[PDB]
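As structure tokens, one chain now follows by itself in the form deposited in one PDB entry.
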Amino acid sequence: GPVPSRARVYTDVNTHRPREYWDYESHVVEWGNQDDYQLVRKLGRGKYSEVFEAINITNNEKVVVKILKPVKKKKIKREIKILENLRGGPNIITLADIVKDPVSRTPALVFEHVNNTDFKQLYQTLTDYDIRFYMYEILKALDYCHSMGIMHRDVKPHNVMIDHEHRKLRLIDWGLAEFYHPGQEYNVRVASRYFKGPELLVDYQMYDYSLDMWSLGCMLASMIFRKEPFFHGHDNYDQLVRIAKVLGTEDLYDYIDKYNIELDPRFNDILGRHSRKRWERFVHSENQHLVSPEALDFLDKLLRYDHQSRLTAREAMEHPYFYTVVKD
């Protein structure tokens, strides 16, 4: 069987919290007044919800309302509990209210509003300095939630709201987030394909906060190299092949051998043999202004097969890549 794994940091945070902190199935929702909020326009539709711009008519302020589609109540309570636990933390989206929508017959989450620019358009304008700045701001959110016993499990550009005018960033969509408990086995059907960690792609269930660090590395690679997404797989199997063409097949075998994991035999015909590549091969005249030796070293230390070898969020904040970021 597979060798077990533990987080190298924040391992016991939920063990020593009171049960109420992580026992989201028992959480009792405090409902606000649904009539306080007037929907203005639909912003998006997801797998599990629709999201709207709205006005809070008790203060005439803009808010964002996420009306959940039907899903098991445990999942709804999990997201609500995590948002309440994390509220006030650095760059964590603020849950302002929870109301019962009379049409959907489901909960509607009310969030603070971020005047965001969509990442496809924002990322073609960010400078080297902008990228370092916003990466540091994401790390603040990730170190906070990890230190609070929570893994996000869906880090991707779509879930980072940036108001570029005010240099304001919020990490959103905590609907896939979970509490970390040592030895717990988790669903591997999390994160978006391009941001899935090797642990998910080889079906290793005893993963931890370090999953978010792989996803963050995928975001970094796409921004500094100007290739979005960086690892562009056509399905979950090809996703691992795309990663192996860069990190190499020998270290993939070292990873699964360490945890006594077997690759899906489907890979026998598609994986091939690949050397590990040097990151300099992805640098060219149209992205070199975003690349530095510090950026490549930092990226190299995030994108490790072995989840136990990746930088933690706190270690990442100590990396020389962030020395040029102005600290407040």
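From 1 onward, residues are counted along the sequence shown.
Highest mean C-alpha temperature factor of the two stretches 247 to 255 and 220 to 228, which is it?
Per the deposited B-factors, the answer is 220 to 228.
Which has the higher mean CA temperature factor in the PDB entry, 183 to 191 or 211 to 219?
Higher mean C-alpha B-factor: 183 to 191.
I'd like to know which of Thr94, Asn236, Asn115, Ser147 has the highest C-alpha temperature factor in the PDB entry.
It is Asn115.
Out of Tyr204, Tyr134, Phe119, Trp174, which one has a C-alpha B factor higher than all the others in the entry?
Top of the list by C-alpha B-factor: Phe119.
Comparing against every modelled residue in the chain, figure out the third that the C-alpha B-factor of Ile98 lands in (lowest, middle or highest).
Within its chain, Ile98 is a middle-third residue by C-alpha B-factor, going by the deposited values.
Would you check the entry's CA temperature factor for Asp163 and let me know if it's in the chain's lowest, middle or highest third?
Top third by C-alpha B-factor.
Would the CA B-factor of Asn56 place it in the lowest, middle or highest third of its chain?
For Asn56, whose C-alpha B-factor we compare with every modelled residue in the chain, the answer is the middle third.
Determine, from the deposited record, the chain-internal third of the Cα B-factor for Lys196: lowest, middle or highest.
Its C-alpha B-factor, which the entry lists for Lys196, ranks in the lowest third among residues of this chain.
Among the modelled residues of this chain, does the Cα B factor of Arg273 put it in the lowest, middle or highest third?
As the PDB entry reports it, the C-alpha B-factor of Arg273 lands in the middle third of its chain.
Keep in mind the form deposited with a small molecule bound is missing from the figure; the text below concerns it.
Within 4.5 Å of the small molecule in the entry with it bound, heavy atoms considered, which of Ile162, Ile243, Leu211, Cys145?
It is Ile162 that has a heavy atom within 4.5 Å of the partner.
Under a 4.5 angstroms heavy atom criterion, identify the one residue in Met206, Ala96, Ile131, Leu247 near the small molecule in the entry with it bound.
After the contact test, the surviving option is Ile131.
Is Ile138 a contact residue for the small molecule in the entry with it bound, using a 4.5 Å heavy atom cut-off?
Result yes; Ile138 sits at the interface with the small molecule in the entry with it bound.
Just to confirm, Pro157 within 4.5 Å of the small molecule in the entry with it bound by heavy atoms?
Looking in the entry with it bound, residue contacts with the small molecule include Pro157, since a heavy atom lies within 4.5 Å.
Find out whether any non-hydrogen atom of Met219 is located within 4.5 angstroms of the small molecule in the entry with it bound, and reply yes or no.
Yes, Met219 sits close enough to the small molecule in the entry with it bound that at least one of its heavy atoms falls within 4.5 Å.
How about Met223 - does it come within 4.5 Å of the small molecule in the entry with it bound, if we only consider non-hydrogen atoms?
Residue-level check for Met223: yes, a contact with the small molecule.
Thinking of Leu302, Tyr305 and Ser309 as one candidate spot, does the small molecule come within 4.5 Å of a heavy atom in every one of them in the entry with it bound?
Answer is no for this spot.
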